[PDB]
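The chain below stands alone and is given in structure tokens; this is the form solved without the named molecule.
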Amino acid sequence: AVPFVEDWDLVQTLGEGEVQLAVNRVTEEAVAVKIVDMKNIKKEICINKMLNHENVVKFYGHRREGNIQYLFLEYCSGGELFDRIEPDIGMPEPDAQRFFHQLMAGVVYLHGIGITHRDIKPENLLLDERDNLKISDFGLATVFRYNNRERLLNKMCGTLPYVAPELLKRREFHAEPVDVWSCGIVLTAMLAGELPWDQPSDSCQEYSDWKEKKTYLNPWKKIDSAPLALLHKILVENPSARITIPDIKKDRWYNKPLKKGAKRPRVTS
């Protein structure tokens, strides 16, 4: 129709190791472009095409163009949740709770369509212009439920400080409790500004201390009673005993009023 509308200028590197910010030549609309020097990606695309939720990074499409693939996704101008966490401090409890509510909404959605993310951590949780959290990076994601039949997972996948202990100790495991566990580690990080262990193994002193309930120690001592009681229910070694999302939604801290709305209208007299 209108000429030039399909043209995008790549104006800035968002992340690399690449993701570029693309701006439409005509409309100035912004999108994030992931550029892969194809020489998993097909899985990330196939999974993204299935996704449509306010707390999940929107997928717009892809272009093959030889061997270099282009993935067009929602631009999230607030950046990574990771950058909102102050080292050794965390963030205000009300903000952590709101981000945690949004994270649970995104995860409930994914699990509802039979998808597990498998790599939930603050680097993969993006923020839009209004600080709305959006789960990103579906490169390690997989279908754990198909035709109403659950498939148990067995592949080692994720990021050590965030992985559930059963992934290190058992040959097979249910997908859902693994994502619940990593959300508990993200919550800990938001409230203490530190990760509690390098990995959840008995050989790891910090992990043993947690299982012994030594909450007078570091990251736990910085966390208030209410959210700490929720963490005691999420970071449970046995995944069959671990709290499920429907029960997280019933938790006292989860439902505690703490945070005011965005705030915008203000004039007196």
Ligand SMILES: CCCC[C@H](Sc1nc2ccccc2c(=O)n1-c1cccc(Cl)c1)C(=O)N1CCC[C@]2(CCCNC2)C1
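We number the residues from 1 along the sequence you see.
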When the other PDB entries of this protein are compared, is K39 left blank in at least a third of them? yes
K213 to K214: deposited residues not modelled, binned count -> none
Mean temperature factor over C-alpha atoms, higher-scoring stretch between 106-114 and 128-136: 128-136
Comparing mean C-alpha B factor in the record for 69-77 and 167-175, the higher one is 69-77
Comparing C-alpha B-factors across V36, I223, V236, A229 in this entry, the winner is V36
Which of these, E44, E28, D209, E54, has its C-alpha atom at the highest B-factor, as the entry lists it? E44
Going by what the PDB entry lists, where does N24 fall on CA B-factor within its chain: lowest, middle or highest third? middle
Taking only the Cα B-factors deposited for this chain, tell me whether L258 sits in the lowest, middle or highest third. middle
Among the modelled residues of its chain, the C-alpha B-factor of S240 falls in the third labelled middle
Entry-reported Cα temperature factor of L152, expressed as the chain third it lands in: middle
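One more form of this protein, deposited with the named molecule bound, exists but is not displayed; see below.
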How about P161: is it within 4.5 Å of the named molecule in the deposited complex, going by heavy atoms? yes
Considering non-hydrogen atoms and a 4.5 Å limit, does the named molecule approach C183 in the deposited complex? no
Is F144 part of the interface with the named molecule in the deposited complex - any heavy atom within 4.5 Å? no
Is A175 part of the interface with the named molecule in the deposited complex - any heavy atom within 4.5 Å? no
Please pick, from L167, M104, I115, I85, the one residue with any non-hydrogen atom lying within 4.5 angstroms of the named molecule in the deposited complex. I85
Report the residue, out of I120, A96, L133, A189, that has at least one non-hydrogen atom within 4.5 angstroms of the named molecule in the deposited complex. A189
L195, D198 and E206 all contacting the named molecule in the deposited complex, non-hydrogen atom within 4.5 Å: yes
Among 167-175, 104-112, 145-153, 120-128, which stretch has residues with heavy atoms no more than 4.5 Å from the named molecule in the deposited complex? 120-128
